[PDB]
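Enquirer: This is the structure, below, for whatever I ask next.
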Amino acid sequence: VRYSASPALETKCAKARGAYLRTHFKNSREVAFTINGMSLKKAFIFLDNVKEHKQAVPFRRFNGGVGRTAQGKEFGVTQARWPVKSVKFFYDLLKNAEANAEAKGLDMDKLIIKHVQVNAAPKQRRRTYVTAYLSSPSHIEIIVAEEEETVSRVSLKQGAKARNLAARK
Amino acid sequence: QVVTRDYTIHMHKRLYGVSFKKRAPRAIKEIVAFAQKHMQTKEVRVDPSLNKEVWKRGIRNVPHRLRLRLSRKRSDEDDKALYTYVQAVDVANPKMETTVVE
Amino acid sequence: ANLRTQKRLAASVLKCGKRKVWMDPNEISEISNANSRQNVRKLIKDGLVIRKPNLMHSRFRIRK
RNA sequence: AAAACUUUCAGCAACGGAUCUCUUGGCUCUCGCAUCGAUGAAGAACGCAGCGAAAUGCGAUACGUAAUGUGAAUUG
RNA sequence: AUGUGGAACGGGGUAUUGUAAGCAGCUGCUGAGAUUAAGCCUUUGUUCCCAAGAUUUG
RNA sequence: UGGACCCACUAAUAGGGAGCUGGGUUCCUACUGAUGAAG
RNA sequence: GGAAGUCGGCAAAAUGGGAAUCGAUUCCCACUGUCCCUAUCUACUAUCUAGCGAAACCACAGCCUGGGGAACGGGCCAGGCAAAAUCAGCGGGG
RNA sequence: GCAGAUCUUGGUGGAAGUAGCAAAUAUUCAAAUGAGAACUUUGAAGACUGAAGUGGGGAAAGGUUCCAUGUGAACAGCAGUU
RNA sequence: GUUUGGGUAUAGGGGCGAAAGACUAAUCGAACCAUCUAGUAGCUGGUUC
RNA sequence: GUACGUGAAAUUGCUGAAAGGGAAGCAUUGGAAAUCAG
C-alpha cells in the first residue's frame, strides 16, 4: 500500500505498518515526533529507557495539563511523559521494520527512521452513564532507510567589455 | 560474584512518620530497595518467612531493626543474570554489625 | 493452572468449607489433571488435598 | 536573532460518505376479472431439510406426496 | 571518575521516658532498660561501592 | 478603636468616590507565585 | 481570659442546671477556640505518574487610559505599551 | 439555484489528553500457567462481613446467566492468562 | 429505647383522597394512545442566480 | 483486498515553503521567491 511519503523504495528503505491500534492518537503522535530521524539502535535504547522511566517523551503539541519534569531538558522543553502503551506499539513496529530490512538485505548499521507518522483511526463508540467515551485509535507506519547524502547570457556590451578586460589581463 | 552477607536494617528510620495503613507494604518496598542498592541487582526475591516476620505484629507495627541475609545467588534462567534472595535471620539482639556469611 | 473447579469439588467430597480445603502447592500438575470427583477422592486418599481442622473459641479463658 | 508552537499555502496519507453513473424498488394513470368462511376462513402458535438462524414453502405424507407438461439436473 | 570519597551498620556523646525482662534477696543488679534521626553531633570501628552508561554542545 | 445615640479608651476616634446576612409590607485576560527555548 | 463574637451561647464543653416572670424570656453561678488570636496533629482530595477518558459553551477573539454624541465596546481615533512555550493557585472582569 | 429559519439528516471539531474514574478500612511474599501478571490459580501471612452476615435457602421477576472445553475480535471508565 | 405479599374491585373534568387542591405507570393547564389535523397565526423566525 | 465502484468538504497527521512582540481575516500599489505565457 502507498504511504504518505515518496520513499519506501527498494533502494534504501524498509516498511512497517500498524492499523486500528488501541493507543491514544495524541500520545502516539508525541512518540512518533520524538523518535523521527533517530537511528534504529538509538531509537531502541530510547524506547527501552522510556519504559524504564530513565528518559521521557516530550509532549510538544498536546501539552495541556502535562506536568513538568527534568527529563525533558534534553529536548529543550519542560513537559514530558512516559506513555508506555504507545512505546510498546512503536517498539513492535520498529522490530518489524528491522526484520523487513534484514529480509530485504540492507545494512543494519546505517538504518535510521526516515519517515514515521501517526494518523487517526475510525472512532470506537462506547457509552457513559448519557454521553460517549469515544476511543481514538491510531494508524502508524514506519519507513526506515540507511542514511545517505548558471547559464546566464551576455549582452553585446557586457561581453565586449569582458573580452577587453581579458585582453588587458 | 556469588556472595552472602548478614546485614542489619534500621527500619525505625526508613518509616519514620509513614502512615500506619502502609507500614508493612512500604516495609517490603524498603527491604527490596535496600537489597537493590547493596547487591547492585534488579531482581530481588523476598523469602515468605521474612514476609511473615515483617507482618507478625500487624500492618501498623514493624520492628525497628531487622537482621537480613542477602545472598547474591545466580539466576536459574540466565547464567549471566544474577539476583538477590533475602531471607530473615533469627537473632537474639538485632543490634549487631554486618558480617559475611560463608 | 486454574483450580476453581477442583477446589469446589474438593469441598463437596470433604463436606467442609472451601476455606478449610487445603490443596498442595507443589503438585499443581497432578491436581489439575484430577478433574472428576473420583479423581478428587483419589487425591484425598493419597493426601494431596487435606481438610484443615477447625479452630477454637477458647472456652479456657471463657471459664476463667 | 535559530528550533518548538500557531497560522497560511501545496503534495501525500488519513477521517468521512457527498457527487457521478446505475436500479428485480416505489409512485401515478389506464385496461381486464369477481374468487373467503362451520366441507373450518383471515389471523396466531409449534414444528418440518444431511449440514438452517432469518426469509420463503410446507404440515408427522412437513423447504412436501399424487397427477400433467418439460426433458438431465441440484449446487456451498 | 580512588578520595582528609561516599554509603550501610556499630560504638560514644547528647536527648525522651522513668528504674525494664531476667537473676534474684520493696530492695540490689538498676538514674536502669527501650528509643535516639528519620531535617542531632562525632568516628584510626567493620563491611561495602565508585577511575560508568546515555543525551546536547564551535 | 473596644462595648450595650449612649460609656469608656485614645494623640484622634474627620468626611466621601470607585464576598455575606438580617429585620421590614400580608474558556480567555487579569492578580499571585513557578519554570522556560533563544541571539 | 471566658460569649468581650454574632441580630443570638449557631456549634462544641460543663452532665447541660439553679432561681424567678409569661415551652419562651431574664437573672446569678458553671463550661468552653464563638472571640482576643490563631497555632499544631491525622485521614481524604487537590499535585505528579501508568491506563482510560468526557460535557457545557463556541461569529471571531482576547491588556489598560481618554474619546468615540448613544450603548460605551473588543474591533474605530489618540496614547501607554508589546517577545516563544508553559505549570500550579485564586476568581476580579462576561 | 441557499449562509442563516434556537432549520432537518449525517459527519466532524476547539475546549482536551482537560474535568474526572469508586463509596463499603487492606493488602503482602513465593511458586505455576502464560508472549505478556498489582488484578488468573495454589500455599503462607495480614484483614473484613461477625448468625439482625460479604452465610445457606426460597416466592415474585429474569430465561440458560447453570457446568465443562476453547477464545481474548467487541463488552468488564485500569488491566487480564480471568 | 400498625407494616406488608398475593388475589380482587373502583377509569378520566371519571375514580380515589384524615382534603395538601393532592394520587391515578419519571405526564395531571386538566392520564396516555390514534384519527379529525396539514386545526385556528392580527404574531415570531427564514424565504435560494 | 470485503472496514471493497467513483471517494468531495468539514477535521487530522507527515513533508516542503513562508510569516509571527496583545488578534487573525480582506482590499490597493509594488518588491522578493516560485511558476506560466507570448
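Enquirer: Regarding the range C:28-36, can at least one residue be identified that is within 14 Å of chain B (Cβ to nearest Cβ), of a type outside the set (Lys, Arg), more than 9 Å from the chain's Cα centre (by Cα) and under 26 Å from residue B:48 (Cα atoms)? First the steps, then the outcome.
Expert: Let us first name the residues in the range C:28-36 that are within 14 Å of chain B (Cβ to nearest Cβ), namely none.
For the range C:28-36, residues within 14 Å of chain B (Cβ to nearest Cβ), of a type outside the set (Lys, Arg), more than 9 Å from the chain's Cα centre (by Cα) and under 26 Å from residue B:48 (Cα atoms): absent.
Enquirer: Output the residues belonging to the range A:53-74 that are within 16 Å of RNA strand E (Cβ to nearest atom), under 13 Å from residue A:31 (Cβ atoms) and not polar (S, T, N, Q).
Expert: First, pick out the residues of the range A:53-74 that are within 16 Å of RNA strand E (Cβ to nearest atom): A:53-58, A:60, A:69-74.
Now restrict to residues that are under 13 Å from residue A:31 (Cβ atoms): A:55-58, A:60.
Matches in the range A:53-74: A:56, A:57, A:58, A:60.
Enquirer: Scan the range A:1-49 for residues that are over 30 Å from residue A:133 (Cα atoms) and away from RNA strand D (no atom under 15 Å from the Cβ) and report the count.
Expert: Total satisfying the criteria: 14.
Enquirer: Right, here's the next one. Limited to the range A:1-37, what total is found for residues that are closer than 18 Å to residue A:80 by Cα and buried (at least 17 other Cβ atoms within 10 Å of the Cβ)? Can you show your working first?
Expert: At the first step, the residues of the range A:1-37 found to be closer than 18 Å to residue A:80 by Cα are A:23-36.
Still in the running and buried (at least 17 other Cβ atoms within 10 Å of the Cβ): A:23-35.
Residues meeting the conditions: 13.
Enquirer: Would you be able to tell me the number of residues in the range B:75-92 that are surrounded by 14 or more Cβ atoms within 10 Å (Cβ to Cβ) and not polar (S, T, N, Q)? Don't jump to the end; show me each part of the working.
Expert: Residues of the range B:75-92 surrounded by 14 or more Cβ atoms within 10 Å (Cβ to Cβ): B:82-89.
Filter once more, keeping what is not polar (S, T, N, Q): B:82-83, B:85-86, B:88-89.
The number of residues fulfilling the criteria is 6.
Enquirer: For a quick check of your reading of the model, give me the residue pairs whose first member lies in the range A:110-124 and is over 18 Å from residue A:33 (Cα atoms), whose second is within 16 Å of RNA strand E (Cβ to nearest atom), with beta-carbon atoms closer than 7 Å and at least 6 apart or on different chains.
Expert: Matching pairs, first to second residue: A:110/A:147.
Enquirer: Only one of (1) buried (at least 18 other Cβ atoms within 10 Å of the Cβ); (2) part of a helix (DSSP H, G or I); (3) within 15 Å of RNA strand J (Cβ to nearest atom) fails for residue A:94. Which number is that?
Expert: Only one criterion is unmet by residue A:94, namely (3).
Neighbour counts are summed over all protein chains in view; Cβ atoms, including those assigned to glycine, are modelled from backbone coordinates with ideal geometry. Taken together, the values in this text are just the output of simple stated rules run on the coordinates, not laboratory data.
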